[PDB]
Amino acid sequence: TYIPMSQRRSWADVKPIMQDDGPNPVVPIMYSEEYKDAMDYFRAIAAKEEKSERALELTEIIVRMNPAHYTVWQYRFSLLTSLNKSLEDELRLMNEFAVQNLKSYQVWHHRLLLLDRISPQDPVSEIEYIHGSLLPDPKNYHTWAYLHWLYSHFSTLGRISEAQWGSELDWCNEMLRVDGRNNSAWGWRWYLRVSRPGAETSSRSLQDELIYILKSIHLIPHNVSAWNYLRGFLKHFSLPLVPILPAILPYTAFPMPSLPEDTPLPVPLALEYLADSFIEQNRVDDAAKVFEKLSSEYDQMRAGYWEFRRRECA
C-alpha cells in the first residue's frame, strides 16, 4: 500500500503545489498516484529552491518513473553539487540506469556532467565500462557520442596516454572483427586513425590504412560501411583513385580479392568508384556510361540520382 507524502512525518512541513496546465488542457496524461504525488511535492521543493537530502531522494523517485524528465535531472545535479555528495556513488547509481534506460538523453548527459566535474586523472575505468556497456547494443548512438566526448575531453587535458590510444584501436579492431557491418565502429576508427588531433599521419600510416580498408572490402564486398570509409579516406587525403583501381575492378564485372560465395556482381559502389575514376581521368563519356548503367540496371532505386550524375558529366 502506498503512503501519501501528506501523511509522511518528514514532509509534514511542506505544502504541495498542484500542476497548472490550465482548464481542459489538451494531451493530458493519466499519472499514477505515486507520480502525481511526487511531482506535487517537487513543484514545492523547486519553487522554494530547497537543497536537501529529501529533495535528492525525491528526484531519484521521479526520474525512475520518468527517465526523461530533464527538469528533475537538472535539479538533481544541482543537489549533488550543492550538498557536495559523493559523485562516485552517484556514478554507480548511473550504472543501474544505464542498464534499462538505454536511450535517455538525460541519463547520458548526467553521466557526462559527473565525469566532467570529477575529472579523474585517468579515465581508463570509465572507458572500460563504456565498452562493456556496448555489448547489449553495439550501435547505441548515445554511447558512441559519449565515448567520443570522453576521449576528446580528457585528451585535451593531456590524460590519454599512447598506450591508451593503442589499446583503444585494438578494441575497435575487435569490434569490427565481430561485426564488420558495424558502422559505428567504422566511425570510431576514423576518429582514432584520422580525425583526432593527435592522429599519426605518415606516408606509411596511409599504407597500413589502405591495406586495412581493402582487406575489409575483400572480406565483405557488399559492405557499404567499408566503401564509404574508402571514399572518405581518398578524399580526405586527396589520394588518386586510379592506382588502387585494380583491387576494385573485379567487383565491376595492395590486397586483391579472392571470390567469396553469395557475392552477386556487379557491386554498385564499385561502379561508382569506376565512374569517379573515369572522371579523375577526364573520361566523362566513359563515366556517363557507367552512371547510366547504375541508373538503368544495377541500382534502379537511385535511377534519378545516377541520371543526375550522368548529366553532371555532360
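Residue numbers here begin at 1 and follow the sequence given. Rigid core: the largest C-alpha set superposing within 1.5 Å between the two forms.
*Asks:* Could you tell me which of the two stretches, 71 to 79 or 90 to 98, has its Cα atoms lying farther from the shown structure in 5 other deposited structures of this protein after fitting on the rigid core?
*Replies:* Of 71 to 79 and 90 to 98, the stretch deviating more in 5 other deposited structures of this protein is 90 to 98.
*Asks:* Can you check whether 130 to 138 or 217 to 225 lies farther from the displayed model in 5 other deposited structures of this protein, averaging C-alpha distances as RMS after superposing on the core?
*Replies:* The more displaced stretch in 5 other deposited structures of this protein turns out to be 130 to 138.
*Asks:* Neighbours in the displayed sequence, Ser258 and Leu259 may still hide a gap; how many deposited residues lack coordinates there, none, 1 to 3, 4 to 9, or 10 or more?
*Replies:* Missing residues, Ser258 to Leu259: 1 to 3.
*Asks:* Looking at the deposited sequence, how many residues between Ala253 and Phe254 were given no coordinates in the entry: none, 1 to 3, 4 to 9, or 10 or more?
*Replies:* According to the record, 10 or more deposited residues lack coordinates from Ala253 to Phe254.
*Asks:* Going by the B-factors listed in the PDB entry, is the mean over the C-alpha atoms higher for 241 to 249 or for 49 to 57?
*Replies:* If you average the C-alpha B-factors of 241 to 249 and of 49 to 57, the larger mean comes out for 241 to 249.
*Asks:* Check the entry's C-alpha temperature factors for 5 to 13 and 300 to 308, then say which stretch has the higher mean.
*Replies:* Stretch with the greater average CA B-factor: 5 to 13.
*Asks:* By the entry's C-alpha temperature factors, tell me which of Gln106, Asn84, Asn223, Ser125 sits highest.
*Replies:* That would be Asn84.
*Asks:* Among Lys235, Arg204, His110, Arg181, where is the Cα B factor highest in this entry?
*Replies:* Spelled out: the listed residue with the top C-alpha B-factor is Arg204.
*Asks:* C-alpha B factor of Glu90, ranked within the chain: lowest, middle or highest third?
*Replies:* For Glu90, the deposited C-alpha B-factor lands in the middle third.
*Asks:* Where does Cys172 sit by CA temperature factor within its chain: lowest, middle or highest third?
*Replies:* Its C-alpha B-factor belongs to the middle third of this chain's values.
*Asks:* Among all modelled residues of this chain, ranked by Cα B factor, put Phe97 in the bottom, middle or top third, i.e. lowest, middle or highest.
*Replies:* Answer is highest: the recorded C-alpha B-factor places it there.
*Asks:* Looking at the temperature factor on the CA atom of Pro264, which third of the chain's modelled residues does it land in?
*Replies:* It belongs to the highest third of the chain when residues are ordered by C-alpha B-factor.
*Asks:* Among the modelled residues of this chain, does the Cα B factor of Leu135 put it in the lowest, middle or highest third?
*Replies:* CA B-factor rank for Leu135: highest third.
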